[PDB]
Amino acid sequence: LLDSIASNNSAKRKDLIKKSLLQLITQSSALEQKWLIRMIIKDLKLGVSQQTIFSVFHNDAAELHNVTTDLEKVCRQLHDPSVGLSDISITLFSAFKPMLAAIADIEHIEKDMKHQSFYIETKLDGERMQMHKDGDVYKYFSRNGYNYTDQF
DNA sequence: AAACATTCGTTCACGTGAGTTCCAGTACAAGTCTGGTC
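Visitor: Can you help me understand the overall build of chain A in this one?
Guide: Helix and strand counts for chain A come out as seven helices and two strands. Taken over C-alpha atoms, the radius of gyration comes to 21 Å for chain A, far larger than the 15 Å a tight globule of 152 residues would show. If one aligns the C-alpha atoms of chain A with their principal axes, the spans along those axes are about 65 × 40 × 40 Å. Sorting the 152 residues of chain A into buried and exposed places 17% on the buried side. Once local pairs closer than 6 in sequence are excluded, the contacts in chain A between residues at least 24 apart make up 38%. As displayed, chain A offers around 13,100 Å² of accessible surface, 55% of which is attributable to carbon and sulfur atoms.

What follows is the structure, encoded as structure tokens:
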């Protein structure tokens, strides 16, 4: 039902969205409808961190989610708790969580660089993107893993 | 020969250092909140 509603919103159709929501309402209880509303809004407020959920799911799941950024692969590969992954590293056509930068104090900057020469670069204002190229197959991914390939 | 002073092992009290348990405070991760823009 959620897939139908999302695709149908993407297709510029509202009568079908109304039908799907009506079916969900008619075939749900008050608590189920409340939870469904929370998932639609994309907030649950469970009080438990996503990192905790991933850790309980498998020993090495946060790293795999960072490298891949797709709940399907993490859920599929990490099924048997005993069986782990030998080596996890960036792979083609799979979004990876970008590496960010933290505030720095000009006074102790040299100390933060272990008293060694460093690189100074200009700050760029705009979107953060990553490009995957294999032959003439191109994929573009945004900061959080959304696919912007259609635009570019 | 008898009385008084000094000394020594003993006793009590008090003070100081080291080990154990319980609790206040701090740095940072993550959740949550919010503003502006097209």
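Visitor: Teacher, can you tell me more about the nonpolar core here?
Guide: Among soluble globular proteins, nonpolar side chains are generally buried collectively. In terms of nonpolar packing, the biggest core is built from five residues, these being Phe-54, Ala-61, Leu-64, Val-74 and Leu-78. If sequence neighbours within four positions are ignored, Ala-61 has contacts with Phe-54, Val-74 and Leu-78.

Visitor: I would appreciate a short explanation of the protein's contact with DNA strand B in the present structure.
Guide: DNA strand B sits among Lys-45, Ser-49, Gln-50 and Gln-51. Among the atoms of DNA strand B lying within 4 Å of the protein, the sugar-phosphate backbone contributes 100%. A distance of 2.6 Å separates a sugar or linking oxygen of DNA strand B from a polar side-chain atom of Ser-49. Note that a phosphate oxygen of DNA strand B is positioned 3.3 Å from one of the backbone N or O atoms of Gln-50.

Visitor: How do you make sense of the packing of aromatic side chains when you look at a structure like this?
Guide: In this description, an aromatic ring pair is defined by two values, namely the gap between the centres and the angle between the planes. Inspection of every chain in the model, using the stated rule, returns one aromatic pair. Cation over ring: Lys-34 sits above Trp-35, and NZ or CZ is 5.5 Å from the ring centre. Between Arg-38 and the ring centre of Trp-35, over which it is positioned, the NZ or CZ distance is 4.9 Å.

Visitor: Mind showing me how you'd approach a nonpolar patch on the surface here?
Guide: A grouping of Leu-31, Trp-35, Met-39, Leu-44, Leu-46, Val-48, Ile-53, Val-56 and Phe-57 is seen on the molecular surface, where their side chains present a nonpolar patch of about 810 Å² in accessible area. Every element with two or more residues in the nonpolar patch is listed here: α3 (30-41) and α4 (50-57). Taking relative accessible area as the criterion, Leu-31 reaches 48% and is therefore assigned partly exposed.

Visitor: Could you clarify how one ought to interpret the side chain of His-65 in this entry?
Guide: Structurally, the position occupied by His-65 is in helix α5 (residues 62-68). What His-65 contacts, discounting residues up to four positions off in sequence, is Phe-54, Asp-70, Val-74 and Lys-97.

Visitor: Just to check I follow, could you spell out the pairing of strand β2 (residues 137-141) for this structure?
Guide: Along any regular strand the residues' side chains alternate between the sheet's two faces. With five bridges joining them, strand β1 (residues 130-134) and β2 adopt antiparallel strand pairing. Residue pairing for β2: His-132 is matched across the bridge by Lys-139. What sits between β1 and β2 in their antiparallel hairpin is a turn of two residues, with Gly-135 showing a positive phi close to 60°.

Visitor: What should I look at first to understand the UniProt feature "active site" in chain A in this one?
Guide: The sites that carry the UniProt feature "active site" are, in the present numbering, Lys-123. Mapping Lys-123 onto the fold places it in the loop between α7 (109-112) and β1.

Visitor: Any chance you could explain unusual backbone geometry here in plain terms?
Guide: Excluding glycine, residues mostly carry a negative phi; peptide bonds, for their part, are mostly trans. Of note, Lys-42 is a non-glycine position whose phi angle comes to about 70°, a positive value. Its location among the elements puts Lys-42 in the loop between α3 and α4. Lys-42 gets classed as exposed once you look at its relative accessible area, which sits at 77%. One non-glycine residue, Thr-69, lies in positive phi territory at about 60°. Within the secondary structure, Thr-69 is located in the loop between α5 and α6 (71-77).

What counts and how
- Within each chain the first residue of the written sequence is number 1 and the count goes on from 1 in that order, possibly differing from the entry; residues lacking coordinates are omitted.
- All chains are assigned letters beginning at A, and all ligands numbers beginning at 1, according to the order in which they are written.
- Bear in mind that the chains are drawn from a larger assembly and that all values refer to what is shown.
- The side-chain numbers reported here are obtained from all heavy atoms of the structure, hydrogens and water having been left aside.
- Think of it this way: any DSSP run of H or I at least four residues long counts as a helix, any run of E at least two long counts as a strand, and we number them from the N terminus.
- In this setup the radius of gyration rests on C-alpha atoms only. A globule is expected at 2.2 Å times the number of residues raised to 0.38.
- Partly exposed describes any residue whose relative accessible area lies between the buried limit of under 20% and the exposed limit of over 50%, with all areas from a 1.4 Å probe on protein chains only and scaled to the type maximum.
- The criterion used for residue contact is that any of the two residues' heavy atoms lie within 4.5 Å.
- Surface accessibility follows the Shrake-Rupley procedure with a 1.4 Å probe radius. Residue values consider only the protein chains on display as shielding.
- Side-chain atoms within 4.5 Å link the members of a nonpolar core, which is a set of buried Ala, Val, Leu, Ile, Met, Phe, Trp, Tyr and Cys residues.
- Near, as used in this document, describes a residue that has one of its heavy atoms within 4 Å of the molecule or strand being considered.
- The definition of a polar contact used here is a pair of N or O atoms within 3.5 Å, where within protein one atom must be able to donate a hydrogen and the other to accept one, and adjacent residues in sequence count solely through side-chain atom pairs.
- Pairing of aromatic rings covers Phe, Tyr and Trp, the last through its six-membered ring, and needs centres within 6.5 Å; plane angles under 30 degrees mean stacked, over 60 mean edge-to-face, and all others mean tilted.
- Should the NZ of a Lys or the CZ of an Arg lie within 6 Å of a ring centre and within 35 degrees of the ring normal, that charge is described as sitting over the ring.
- Residues qualify for a patch when their relative accessible area is over 30% and they have no salt bridge, like charges being joined within 9 Å and the nonpolar side chains of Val, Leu, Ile, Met, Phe, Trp and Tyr within 5 Å.
- For salt bridges, the criterion is a side-chain nitrogen of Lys or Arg within 4 Å of an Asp or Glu carboxyl oxygen.
- Think of it this way: DSSP has to see at least two bridges between two strands before they count as a pair.
- UniProt positions are given in the numbering used here, feature names are shortened, and annotations may be inferred rather than shown by experiment.

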